[PDB]
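> Chains as they are written, first to last, in the entry's author numbering: chain 5B, 446 to 495; chain 3A, 100 to 149.
Virtual Cβ for every residue (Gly too), placed ideally from N, Cα, C.
Shown next as structure tokens:
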């Protein structure tokens, strides 16, 4: 243990450079289908019909 | 509208002269995702009741 917080705030700065270079991707990009059911239930049920 | 019609059909049956009958449930109601998406009815539940 105790290497967690050192490796975490490195990630916080590393993905901080990615926010001015993304121009087209929305909320659910790169997510699993099972993990969006608590997030947006109406979108998850619509994908199941298609 | 809601896709469930069982309670309404039993009202029509007893009003037209029905007697004793058998009930086979296939599951319980599902919730609406929002105000314009009612739940769906599955083919595999109705054939399991048969």
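1) Quick check: the Cα distance between residue 467 (chain 5B) and residue 482 (chain 5B), rounded to an integer number of angstroms?
2) Got a sec, what are the start and stop residues for the alpha helix (DSSP H) residue 146 (chain 3A) sits in?
3) Answer yes or no: does any C-beta atom of chain 5B fall closer than 8 Å to that of residue 144 (chain 3A)?
4) With DSSP run on the structure shown, which of helix, strand or coil describes residue 136 (chain 3A)?
5) Give me the Cα-Cα distance between residue 144 (chain 3A) and residue 119 (chain 3A), rounded to the nearest whole angstrom.
6) Residue 134 (chain 3A) to residue 123 (chain 3A), Cα distance in whole Å?
7) What is the rounded straight-line gap between the Cα of residue 548 (chain 5B) and the Cα of residue 147 (chain 3A)?
8) Answer with yes or no whether the minimum CB distance from residue 101 (chain 3A) to chain 5B is below 8 Å.
The structure says:
1) Residue mapping note: residue 467 (chain 5B) aligns to position 22 of the first chain, counting from 1. Residue mapping note: residue 482 (chain 5B) aligns to position 37 of the first chain, counting from 1. Approximately 25 Å, taken between the alpha carbons.
2) Position 47 of the second chain holds residue 146 (chain 3A). Looking at the DSSP string, the run of the alpha helix (DSSP H) that includes residue 146 (chain 3A) is 142-148.
3) In the second chain, the residue the question calls residue 144 (chain 3A) occupies position 45. Chain 5B, which has no Cβ nearer than 8 Å to the Cβ of residue 144 (chain 3A), makes this no.
4) Translated into the one-based positions of the second chain, residue 136 (chain 3A) becomes position 37. If DSSP states are grouped into helix, strand and coil, residue 136 (chain 3A) belongs with the strands.
5) Position 45 of the second chain holds residue 144 (chain 3A). Position 20 of the second chain holds residue 119 (chain 3A). The straight-line gap from Cα to Cα measures roughly 24 Å.
6) Position 35 of the second chain, counted from the first residue, corresponds to residue 134 (chain 3A). Position 24 of the second chain, counted from the first residue, corresponds to residue 123 (chain 3A). Taking the straight line joining both Cα atoms gives about 29 Å.
7) Here chain 5B has residues from 446 to 495 only, and residue 548 (chain 5B) is not among them.
8) Looking up residue 101 (chain 3A) in the second chain gives position 2. False, the Cβ-Cβ gap to chain 5B never drops below 8 Å.
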